[PDB]
Structures are given as C-alpha cells and as structure tokens.
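A short worksheet on the structure shown next.
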Amino acid sequence: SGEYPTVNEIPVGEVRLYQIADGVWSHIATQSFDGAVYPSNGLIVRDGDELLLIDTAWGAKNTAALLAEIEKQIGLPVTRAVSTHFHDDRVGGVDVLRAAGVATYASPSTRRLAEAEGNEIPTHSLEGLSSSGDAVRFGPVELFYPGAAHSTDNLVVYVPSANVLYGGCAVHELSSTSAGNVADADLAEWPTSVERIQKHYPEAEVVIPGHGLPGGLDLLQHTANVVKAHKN
Ligand SMILES: C[C@@H](c1cccc2c(-c3ccc(NS(C)(=O)=O)c(C#N)c3)c(C(=O)O)[nH]c12)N1C[C@]2(C[C@@H](CN)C2)OC1=O
Ligand SMILES: [Zn+2]
Ligand SMILES: [Zn+2]
C-alpha cells in the first residue's frame, strides 16, 4: 500500500514495482538461496516509448513475472537490459529476457565471470568500463565502474534526469549490519570504490541498494562503514 516492499511481503515468484521518480521504477522480487529467502532490487528507466531494464529479478520465473508486471503497470516494451554484475540476482533470467526479444548487455568482465561460473550470459559486451572511474552512456542512464567492491565487476547506474543513483550490490541499505554476501568481494578495495561513487555523484537524491530500502546519500557512507567493520 505505498511503502517500499520487504522480504516477507513478496512471495517468491511475484514481482512488485515501486515508483522512484518520473520515468524511474525499482523492481523487487524474492528468491531462495542456500535455504534462506532474500529480497533483491533492480531498476526500470523510461527510454522514450521503450524501457531500459537494469538487472533481472533473480531467476527465470521471477524474470517472466517481472515482464508481466511491467506490462500490467507500465505497458511499454522492455528493449534492452544491463546486468550490473555476474551473480544470479543480476543475470538469472537473462535467457528469459533474450527469448522475449530483450537485448541483454554486461561488461566483458561480467560476461567472463558469468560464463566461468555457470550463470546466464548477457549477449552484448559493454566496452569502455574496464578501468575504475570509467563511465559510458546507455540510453537514459550513465554506467559507472567504481572499482572492485561486492564483486570485481560491479557497475553502478545513474539516471541524470532524476538524480537517481542505483548502486546495485556495491551499496547496502541503512538497516544493514553486515556486508551481505561477501563471497566474491574485495573488502579492502570496497571503501575506495564507494569513495569514487561519492565523488562522482555528489548530487544524487535517491540511492538504491542491490537489496533493501532506497534512501539518500547516507547509504554510501553506511556501506563503507559496514564493510570496514566486517573486514575488521
Ligand atoms: C546470488 C547472490 C546472493 C545470494 C544470497 C544472498 C545474497 C546477498 C545478501 C545477503 C544478506 C542480506 N541481508 S541479511 C545479512 O540476511 O540480513 C542481503 C539483503 N538485503 C543480501 C547478496 C548481496 O549482498 O548482494 N547477494 C546474495 N550471490 C551468491 C554468491 C555467489 C557465491 C557462490 N559462488 C555466493 O554471492 C552472491 O552475492
Ligand atoms: Zn552479488
Ligand atoms: Zn546482490
């Protein structure tokens, strides 16, 4: 009924959308992994009479449900998708997208990691993102590579029309006490990568984490704090 939707409010398999700003929504779904249930976010950005999708809904059936939810709520076609790192909460569902006629994109780093680990593989390579601090335009967003953090390949996405910063899994929600799933992380580089984000996007108004509630710029500092403390 209007609040940001949370893990116990979304059965696995169902997707909800949340309006962030004019022409910007997040998508929220839930999935089981290793016997626990987790929420996760992605982004939808209006691109004229089409939509750009950022990240899958964490699984094939969730991603089909995402497409159906977008058709219900928005009614414009998803034409392109970008995955912001190689994990299943970002690429699981790319096969569904690709069979729905969505052109799927990720960095070469993400593509290599996905292939090596047996995750679904976006079709198209995003060049120009291989050095920390790199940025490229993609439709109505800017893609930015901050350096290694949650994963070595993680990208962030900025919506300049709305000052929306989608941090993906390099950014944690304010209620987080722990640094999430750190299996593939670089805890030592993570704070430096967050500081690059802070420097590059000082006018962000909304910050969206990869999992959990959006907020403001404080999510960035909070993330740096929790990662440093976890590493400690
Ligand atoms: C698919 C993905 C994955 C799965 C399960 C949970 C998470 C989480 C995560 C964990 C705790 C959280 N909150 S909590 C402490 O319970 O309160 C929250 C929240 N909100 C989010 C994240 C994240 O932090 O981004 N990602 C996850 N994978 C899997 C894996 C690849 C590797 C195996 N080779 C392990 O690494 C990874 O990230
Ligand atoms: Zn991840
Ligand atoms: Zn994640």
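Quick note: residue numbers are just sequence positions, from 1. Just follow the structure's listing: the first ligand is 1, and inside any ligand the first atom is 1.
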NZ/NE/NH1/NH2 to OD/OE distance under 4.0 Å, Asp22 and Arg46 = yes
Point-to-point distance, once rounded to the nearest 0.5 Å, from CG of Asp89 to CG of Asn41 | 10.0 Å
Counting each atom of ligand 1 from 1 as listed, which ones have a heavy atom of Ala183 under 4.0 Å away?
-> 32 (C), 35 (C)
Enter the distance from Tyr18:OH to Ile44:CD1 here, rounded to the nearest 0.5 Å.
-> 14.0 Å
What atoms in ligand 1 come closer than 4.0 Å to a heavy atom of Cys169?
-> 25 (O)
Among all protein heavy atoms, pick out the one at the shortest distance from atom 34 (N) of ligand 1; state its residue, atom name and that distance to 0.1 Å.
-> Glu117 OE1, 4.1 Å
May I ask you to identify the nearest protein heavy atom to atom 15 (C) of ligand 1, giving residue, atom name and distance to one decimal place in Å?
-> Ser178 OG, 3.3 Å
Hey, is atom 22 (C) of ligand 1 under 4.0 Å from any protein heavy atom?
-> yes
Quick one: hydrophobic cluster around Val91, which other residues, with the 4.5 Å side-chain cut-off, linked directly or via members?
-> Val94
Go through the structure and list residues passing side-chain contact (heavy atoms from CB on, under 4.5 Å) with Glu127, not counting sequence neighbours.
-> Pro108, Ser125
Closest non-hydrogen protein atom to atom 20 (N) of ligand 1, residue and atom name please, with distance?
-> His211 CB, 3.2 Å
For atom 13 (N) of ligand 1, is the nearest protein heavy atom closer than 4.0 Å?
-> no
Heavy atoms of the protein only: does one fall short of 4.0 Å from atom 26 (N) of ligand 1?
-> yes
Determine which pairs satisfy salt bridge (charged side-chain N to carboxylate O under 4.0 Å, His left out) with at least one residue from residues 23-34, sequence neighbours left out, and list them in order.
-> none
Can you check the number of protein N/O/S atoms within less than 2.8 Å of the Zn ion (ligand 2)?
-> 3
Considering only non-hydrogen protein atoms, determine which one is nearest to atom 16 (O) of ligand 1 and report residue, atom name and distance to 0.1 Å.
-> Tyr38 CE2, 3.8 Å
Calculate, to the nearest 0.5 Å, the distance between atoms CG and CG belonging to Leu187 and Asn232 respectively.
-> 10.0 Å
Taking the side chain from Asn62 and the backbone from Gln31, do they hold a donor-acceptor pair closer than 3.5 Å?
-> no
Keeping the roles fixed (side chain from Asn119, backbone from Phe86), state whether a donor-acceptor pair exists under 3.5 Å.
-> yes
To atom 36 (O) of ligand 1, the nearest of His87, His172, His150 on a heavy-atom basis is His87
Look at atom 2 (C) of ligand 1 and say which protein heavy atom is nearest, naming residue and atom and giving the distance to 0.1 Å.
-> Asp89 OD1, 3.8 Å
CG of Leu53 to CG of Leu43, rounded to nearest 0.5 Å, is 8.5 Å
Provide the atom name of the closest N, O or S atom of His211 relative to the Zn ion (ligand 3).
-> NE2
Given the side-chain rings of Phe144 and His200, with only the six-membered ring counted for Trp, is the space between their centroids under 6.0 Å?
-> yes
Hey, are the side chains of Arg80 and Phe138 touching, using non-hydrogen atoms and a 4.5 Å cut-off?
-> yes
Would you call the rings of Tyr158 and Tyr201 parallel, tilted or perpendicular, where under 30° means parallel and over 60° means perpendicular?
-> parallel
What is the nearest protein non-hydrogen atom to atom 5 (C) of ligand 1, stated with its residue, atom name and distance?
-> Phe33 CD2, 3.4 Å
Interfacing atoms of ligand 1 (cut-off 4.0 Å, heavy-atom, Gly180) = 10 (C), 11 (C), 24 (O)
Identify the protein heavy atom lying closest to atom 3 (C) of ligand 1, giving its residue, its atom name and the separation to 0.1 Å.
-> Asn181 ND2, 3.8 Å
